[PDB]
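The chain below stands alone, shown as structure tokens; this is the form solved without the ligand.
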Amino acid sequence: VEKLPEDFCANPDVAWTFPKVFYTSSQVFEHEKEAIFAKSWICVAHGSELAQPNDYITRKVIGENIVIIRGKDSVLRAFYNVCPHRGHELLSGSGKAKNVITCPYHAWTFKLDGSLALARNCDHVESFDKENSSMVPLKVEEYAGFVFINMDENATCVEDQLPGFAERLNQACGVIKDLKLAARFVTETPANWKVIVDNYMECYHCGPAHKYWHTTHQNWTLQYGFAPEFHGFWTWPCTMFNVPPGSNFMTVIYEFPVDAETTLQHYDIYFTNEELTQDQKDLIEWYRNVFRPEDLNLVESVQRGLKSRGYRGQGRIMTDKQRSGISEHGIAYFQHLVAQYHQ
């Protein structure tokens, strides 16, 4: 019951952010949960976490607990982390699964491809089938050295969602296959997922709050320049890849929305060294205690302020004709794509 014009933010030069209801309303969220996050490829991890047989990880997004597991046969698969019998969760955290997944409730065992191996007493229950009593899968794809899932089984590949992205990311960082997760920050954030994307898409505050060109592509954008290149990739719907100068490491921001005003964030820092140099250990500390706190306070305060009847519905996107670094035109592009799911 809450819609937007199609030309919304099509012209970045004269554009305003969403009406406030799109940042706060439970009905806008449930629509986006089904129309966007249930039908789009969602990035969940770098490939290093899932590189070896029996390696698995677990993730929560839009209230779906997901397990991604590298099979004994080295095939990467993803399932809903819920037992098909009576609904117990199957696995927790991350690590190396064993050769079978045993449900902690009634001890049904599944192969690592989801196949029900043994369900106790099953051959004496009437009208039971081993198949169709399997763990329920969803699509998974390795792309650009990262791992994407999709809850729509008719989905086509990541490349159809992010045309050109993988080729450009490999041109930004040539050692992505060699990266290892050196630190992760988990934060449940009281801000709508679109508020967090807004913050990322702009460099109006890189100096008053923390050689610059922001170019839009098909469902992704890139913030590029020289500082020694630096890259900042935003990709639909909300995963950000940073390649700081030197191009030898990455940080990735994963957004796992929970509800209209809550978002789970993973802030991952990837280096190529197993043992960190002191420069890297110090850099992790600067990210945890300085940089990321400043960013989270910003979106939290903004989430509070925009509910106020004193915030007049929308806010002005500060685009300049020359598209300088402090131009907010990236926001306009993102909100235009979002408007397309609200016609």
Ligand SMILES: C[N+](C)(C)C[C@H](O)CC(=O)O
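Numbers follow the displayed sequence, beginning with 1.
Visitor: Checking the other PDB entries that cover both flanking residues: does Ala227 lack coordinates in at least a third?
Guide: Yes, left without coordinates in at least a third.
Visitor: Checking chain continuity here. Are there deposited residues lacking coordinates between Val136 and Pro137, and if so is it 1 to 3, 4 to 9, or 10 or more (or none)?
Guide: Gap between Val136 and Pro137: none, chain continuous.
Visitor: Count up the deposited residues without coordinates from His106 to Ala107 and drop the result into none, 1 to 3, 4 to 9, or 10 or more.
Guide: None; the chain is continuous from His106 to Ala107.
Visitor: Averaging only over Cα atoms, indicate whether 59 to 67 or 314 to 322 has the higher B-factor in the PDB entry.
Guide: Result: 314 to 322.
Visitor: On mean Cα temperature factor in this entry, is 268 to 276 or 139 to 147 the higher one?
Guide: Mean B over CA atoms: larger for 268 to 276.
Visitor: Among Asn199, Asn192, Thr187, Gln218, which residue carries the highest C-alpha B-factor recorded in the PDB entry?
Guide: So the option with the highest C-alpha B-factor is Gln218.
Visitor: Checking the record values for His85, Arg168, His124, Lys177, which has the greatest CA B factor?
Guide: That would be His124, according to the entry.
Visitor: With respect to C-alpha B-factor, does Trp16 fall in the lowest, middle or highest third of the chain as deposited?
Guide: It falls in the top third of the chain.
Visitor: Sort the modelled residues of this chain by their C-alpha B factor and say whether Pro208 lands in the lowest, middle or highest third.
Guide: CA B-factor rank for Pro208: highest third.
Visitor: If you rank the chain by CA B-factor, which third does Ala117 end up in: lowest, middle or highest?
Guide: For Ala117, the deposited C-alpha B-factor lands in the highest third.
Visitor: How does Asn297 rank on Cα B-factor within its chain, lowest, middle or highest third?
Guide: Middle third by C-alpha B-factor.
Visitor: Taking only the Cα B-factors deposited for this chain, tell me whether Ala51 sits in the lowest, middle or highest third.
Guide: Answer is middle: the recorded C-alpha B-factor places it there.
Separately, the form deposited with the ligand bound exists; it is not shown, and the next lines address it.
Visitor: Pop the ligand in from its pose in the deposited complex with a site C-alpha superposition and tell me open or blocked, counting ligand atoms that come within 2.4 Å of any backbone or C-beta atom (3 or more means blocked).
Guide: Result: open.
Visitor: Looking at the partner-bound form in the deposited complex, is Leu91 within 4.5 Å of the ligand by any heavy atom?
Guide: It does not: once the ligand is placed as it appears in the deposited complex, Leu91 has no heavy atom within 4.5 Å of it.
Visitor: Heavy atoms within 4.5 Å of the ligand in the deposited complex: does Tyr80 have any?
Guide: No, no contact at 4.5 Å.
Visitor: Would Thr235 count as a contact of the ligand in the deposited complex, using a 4.5 angstroms cut-off between non-hydrogen atoms?
Guide: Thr235 lies outside the contact set for the ligand.
Visitor: Spell out, yes or no, whether the shortest heavy atom distance between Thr189 and the ligand in the deposited complex is within 4.5 Å.
Guide: Flag for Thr189 set to no.
Visitor: Choose one stretch from 128 to 136, 197 to 205, 92 to 100, 159 to 167: the one whose residues place a heavy atom within 4.5 angstroms of the ligand in the deposited complex.
Guide: Partner-contacting stretch among the options: 197 to 205.
Visitor: Mind checking whether each of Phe37, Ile42 and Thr58 has a heavy atom within 4.5 Å of the ligand in the deposited complex?
Guide: Negative, none of the three is within 4.5 Å.
Visitor: Just one of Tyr270, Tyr267, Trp220, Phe148 has a heavy atom within 4.5 Å of the ligand in the deposited complex. Which one?
Guide: When the ligand is considered in the deposited complex, the option within 4.5 Å is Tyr267.
Visitor: Which pick from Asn242, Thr262, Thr216, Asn248 sits with a heavy atom within 4.5 Å of the ligand in the deposited complex?
Guide: Only one option qualifies, and that one is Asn242.
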